2 protein chains.
Amino acid sequence: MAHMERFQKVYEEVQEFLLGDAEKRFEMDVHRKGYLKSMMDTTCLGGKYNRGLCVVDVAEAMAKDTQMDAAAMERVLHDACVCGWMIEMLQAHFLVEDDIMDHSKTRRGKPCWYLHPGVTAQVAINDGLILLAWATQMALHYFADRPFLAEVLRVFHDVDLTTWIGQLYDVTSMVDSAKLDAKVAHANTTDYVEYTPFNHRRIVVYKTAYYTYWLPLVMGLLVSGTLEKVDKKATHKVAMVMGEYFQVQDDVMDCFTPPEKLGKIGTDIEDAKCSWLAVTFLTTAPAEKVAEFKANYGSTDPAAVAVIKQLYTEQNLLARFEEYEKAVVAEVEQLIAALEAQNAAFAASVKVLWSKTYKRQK
Amino acid sequence: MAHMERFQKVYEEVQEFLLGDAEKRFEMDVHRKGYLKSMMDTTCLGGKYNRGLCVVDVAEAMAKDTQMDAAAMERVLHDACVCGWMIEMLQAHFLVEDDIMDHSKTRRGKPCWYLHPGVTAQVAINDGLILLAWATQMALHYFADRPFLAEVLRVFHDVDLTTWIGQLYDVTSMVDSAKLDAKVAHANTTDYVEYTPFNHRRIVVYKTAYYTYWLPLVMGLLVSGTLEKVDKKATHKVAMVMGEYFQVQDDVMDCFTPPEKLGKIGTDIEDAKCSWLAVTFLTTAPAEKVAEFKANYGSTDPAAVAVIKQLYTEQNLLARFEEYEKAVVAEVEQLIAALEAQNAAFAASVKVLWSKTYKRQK
Ligand SMILES: CCCCc1ccc[n+](CC(P(=O)(O)O)P(=O)(O)O)c1
Ligand SMILES: CCCCc1ccc[n+](CC(P(=O)(O)O)P(=O)(O)O)c1
Ligand SMILES: CC(C)CCOP(=O)(O)OP(=O)(O)O
Ligand SMILES: CC(C)CCOP(=O)(O)OP(=O)(O)O
Ligand SMILES: [Ca+2]
Ligand SMILES: [Ca+2]
Ligand SMILES: [Ca+2]
Ligand SMILES: [Ca+2]
Ligand SMILES: [Ca+2]
Ligand SMILES: [Ca+2]
């Protein structure tokens, strides 16, 4: 990737600043610094870097479009790499906490952070919070004399909130919303009434699309000072369309992609999740198959999990995804053409992002 | 309390805004809105409001000294109340997460948030993140046109990181630090070599003093436009001294104050915590008493815990606390006296915060 080399160099720079800053400010000892170095390395690395690299892709596109000289371009790209590492650290925080919440086994081909024996969910909750804090630390340090600092913090913290609200919708999706009460313990759904297209879209837009698609594009525009050059409404719309699709892919892959290729072991079936597969099944399958699904979903019994996957296969859900994917492309292309008519440089950076997304395998 | 009625009015205002903003931005449903409302109420209310009220106390004191008109004064005090609710919501976030981490039973005389039957630790972790997010949402909304927005965000997010690092020290305090390894589990200490005055002070300054003392003072100065008018080094010093003392009180109370008065059930003894009592016992007690301590500390057996309390009693730990407190009083009065020479209005606000702290019973 055009910016991978720079991006990794900035990771080591940022890691040195953050660890050294903790030493200076908090009387950090060598052992806990070493712990935090390895924590950062394990939680922030080993992914695709789609979000972080997007920021740099956009910023370079926009920096070229506005003809910045050598010194201005060097700054924009370094600032873009820092913003990209903010998002990757936000992501690290999201997955550390999510892996605890989902009680998962593997992340990026390694044990989940909390499942490292010298960590535990207790310490991992804390570690995830330090990761979130470091993201803001980077902006506060590197962007201290940038007029865009305020705008960066504003969009970052809006998206952070958006994501946890999406997580709220996700964790409570197998509970009949009317039964949702802090004071009263309640069973998980047996009727699946709220497993609707609307409810799935609500979950995936807020939990995924804002931080995976909207945030990187906006940060890229912010650090290059070109946010005013683009149609903000069209940008938001293509970010929502692509992000929803990205999460639909993730949902499909939970069931149909071997965990070793994916790097993680999804338990959407065991955990009765309102996934794209479950919702599309429940709204398109015949009555008896809907009934058999309800008797088998949300169970840790391998035999029950096998029935769900056979039911999904029978209902041709992979073919239904292919047709959904076809519609997404038509919609993405139209939105990108609208963007291109206004700023071809930005539209091209949206094409890069879409290219990394469309028909991805992990 | 002079500002309690205004402070509680601003709570309802902020709560309506945050819940309504969720509806407007995240397609929030009535049942989850109702969940979040009771979540906010259970986690943000019931405490002493020392932190929140301090902001308003400081801001009024400083605003009286500048002689503004009535419209300006009203804005200062409202902004102060919002800033105070930022800290109360930060506090709320800290305790939700800490109660999960400590696996605790009660908070402010009610069950811990995660122990509410219709909640669970899984959902609670995410409720805690929402609370954290909302604190920044308040600044981004109410201080959108204010000069101090950037500095507010800076100090708040700096303190958030400091508290999480302090928490890291706390949760790793009972493991020998050389053995701290993500890949390898290690037992709690048997020797307690790292149960030192230095290590206890490091924990409490960073987990407590910054967010409980330093942050309220600085936010009060920021909203009233007066940070430049005070000695920053001297303010920081007295905040560190008062805050360390405050946590020593909390530690003393963990062992000696009935859980029914405190509103919470401490497990510092069963969890082998590096409390002020442990450190002070270990450094001052005769060797045969040290040995009996090591034979009993960090055990859930109720009789072992009672052995520890008896050991603390026979070593006169309460008398040792009363003498530490005397030195703290001497030191705080000196620091306040020097503050008064420089800014009498600000020094008086520090005396209010101190009077609420000194010899408190819960
Ligand atoms: C703690 C905030 C969680 C944010 C978030 C948003 C989207 C996807 N994830 C993780 C994925 P996965 O665990 O990567 O498969 P999900 O559990 O299927 O949703 C986490
Ligand atoms: C998640 C960070 C929590 C930070 C923090 C700082 C100070 C006190 N607490 C909780 C207290 P307590 O539970 O109120 O006694 P501690 O467990 O004794 O430390 C938490
Ligand atoms: C949003 C989501 C599906 C969580 C994992 O996201 P991802 O596939 O981009 O993961 P990496 O950061 O590991 O590439
Ligand atoms: C810092 C600490 C000891 C944690 C509890 O703080 P606190 O005693 O101020 O609690 P309240 O917010 O309930 O008053
Ligand atoms: Ca997961
Ligand atoms: Ca999840
Ligand atoms: Ca998934
Ligand atoms: Ca604790
Ligand atoms: Ca606790
Ligand atoms: Ca305590």
Side-chain angles (χ1 to χ4, degrees), chain A residues 22 25-29 31-32 34-36 38-39 42 97 100-103 113 116-123 125-127 129-130 132-134 136-137 140 149-150 153-154 157-158 160-162 164-169 171-172 175 177-186 202 205-206, chain B residues 22 25-32 34-36 38-39 42 97 100-103 113 116-119 121-123 125-127 129-130 132-134 136-137 140 149-150 153-154 157-158 160-162 164-169 171-172 175 177-186 202 205-206:
Chain A
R25 293 163 64 176
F26 315 129
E27 306 167 62
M28 178 71 55
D29 61 277
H31 297 291
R32 288 174 180 86
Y35 178 86
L36 290 176
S38 88
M39 189 272 289
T42 311
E97 303 302 350
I100 296 157
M101 292 187 237
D102 283 1
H103 205 67
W113 182 242
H116 286 231
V119 186
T120 68
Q122 165 189 218
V123 176
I125 292 167
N126 179 159
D127 286 343
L129 288 164
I130 290 171
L132 172 61
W134 279 341
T136 298
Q137 291 299 119
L140 291 167
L149 171 59
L153 302 168
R154 177 175 290 278
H157 291 279
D158 276 341
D160 173 59
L161 172 70
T162 305
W164 289 325
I165 299 300
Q167 186 76 338
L168 179 72
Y169 296 153
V171 301
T172 62
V175 187
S177 69
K179 301 178 178 293
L180 232 123
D181 194 319
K183 302 307 192 212
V184 177
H186 264 314
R202 196 178 60 156
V205 161
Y206 300 116
Chain B
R25 294 163 64 186
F26 314 128
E27 307 177 52
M28 178 67 61
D29 61 281
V30 62
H31 296 292
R32 281 174 194 85
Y35 175 81
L36 290 178
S38 84
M39 188 275 283
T42 310
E97 305 302 354
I100 301 167
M101 284 184 291
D102 290 345
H103 187 279
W113 182 246
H116 281 59
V119 177
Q122 163 187 67
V123 184
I125 293 164
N126 197 57
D127 292 339
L129 295 165
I130 292 171
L132 178 54
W134 278 340
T136 294
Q137 291 295 304
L140 289 175
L149 172 63
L153 295 171
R154 174 173 297 277
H157 287 283
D158 275 342
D160 176 52
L161 168 66
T162 310
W164 277 109
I165 295 300
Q167 184 74 338
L168 171 72
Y169 297 151
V171 300
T172 61
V175 176
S177 67
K179 313 303 169 182
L180 191 46
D181 189 320
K183 285 176 178 186
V184 188
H186 204 81
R202 197 175 59 161
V205 159
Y206 299 119

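Naming: A, B, ... by sequence-line order, numbering from 1 per chain. Hydrogens, waters and symmetry mates are skipped; everything else that's a heavy atom, side chains included, is used.
- Heavy-atom pairs under 4.5 Å with chain A peak, among B:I100, B:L153, B:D29, B:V205, at B:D29.
- Distance CD/B:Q122 to CE/A:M101: 8.0 Å, rounded to 0.5 Å.
- Taking the side chain as every heavy atom from C-beta outward, B:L149 and A:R154 approach each other to under 4.5 Å.
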List the steps, then state whether side chain to side chain contact (heavy atoms under 4.5 Å, CB included) holds for B:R25 with A:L161.
CA-CA 11 Å; B:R25 294 163 64 186; A:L161 172 70; 4.1 Å; yes
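- When A:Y35, A:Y169, A:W134 are compared by the number of non-hydrogen pairs under 4.5 Å with chain B, A:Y169 comes out ahead.
- Going from atom OG1 of B:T172 over to atom CG of A:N126 covers 8.5 Å, rounded to the nearest 0.5 Å.
- Note on A:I130, A:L180, A:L140: by heavy-atom pairs under 4.5 Å with chain B, the leading option is A:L140.
- In terms of heavy-atom pairs under 4.5 angstrom with chain A, the leader among B:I125, B:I165, B:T42 is B:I165.
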Stepwise side chain to side chain contact (heavy atoms under 4.5 Å, CB included) check, B:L36 with A:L168
CA-CA 10 Å; B:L36 290 178; A:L168 179 72; 3.9 Å; yes
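- Between the side chains of B:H116 and A:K183, at least one donor-acceptor pair of N or O atoms lies under 3.5 Å.
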What's the verdict on side chain to side chain contact (heavy atoms under 4.5 Å, CB included) for B:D158 and A:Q137, showing C-alpha distance, side-chain angles and the deciding distance?
CA-CA 7 Å; B:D158 275 342; A:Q137 291 299 119; 2.8 Å; yes
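- Contacts with chain B were tallied for A:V175, A:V123, A:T162, A:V171; A:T162 has the most, counting heavy-atom pairs under 4.5 Å.
- In terms of heavy-atom pairs under 4.5 Å with chain A, the best-connected choice from B:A22, B:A185, B:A121, B:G166 is B:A185.
- Options A:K179, A:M39, A:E27, A:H103 differ in how many heavy-atom pairs under 4.5 Å they form with chain B, and the most are formed by A:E27.
- Of the two parts of A:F26, the backbone and the side chain both hold a non-hydrogen atom closer than 4.5 Å to a non-hydrogen atom of chain B.
- Contact annotation for B:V119: both backbone and side-chain heavy atoms come within less than 4.5 Å of a heavy atom of chain A.
- The contact between B:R202 and chain A is made entirely by side chain atoms (from C-beta outward), counting heavy-atom distances below 4.5 Å.
- If you measure heavy-atom distances from B:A150 to chain A, you find no contacts under 4.5 Å at all.
- In terms of modelled atom types and a separation under 3.5 Å, the side chain of B:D181 and the main chain of A:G118 share no donor-acceptor contact.
- In this structure, chain A has a heavy atom under 4.5 Å from the side chain of B:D127, while its backbone stays farther away.
- Pairing each heavy atom of A:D160 with each of B:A133, the nearest pair is OD2-CB, 4.1 Å.
- In this structure, the portion of B:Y206 lying under 4.5 Å from any heavy atom of chain A is its side chain and not its backbone.
- Both the backbone and the side chain of B:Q167 come within less than 4.5 Å of a heavy atom in chain A.
- Side-chain contact between B:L129 and A:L129 is present, with at least one heavy-atom pair separated by less than 4.5 Å.
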CA sep, side-chain torsions, deciding dist, call: B:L132, A:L132, side chain to side chain contact (heavy atoms under 4.5 Å, CB included):
CA-CA 11 Å; B:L132 178 54; A:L132 172 61; 3.9 Å; yes
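- Of the two parts of B:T136, only the side chain, counted from C-beta on, holds a non-hydrogen atom closer than 4.5 Å to a non-hydrogen atom of chain A.
- Looking at B:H186, neither its backbone nor its side chain comes within 4.5 Å of chain A, counting heavy atoms on both sides.
- Both the backbone and the side chain of B:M28 come within less than 4.5 Å of a heavy atom of chain A.
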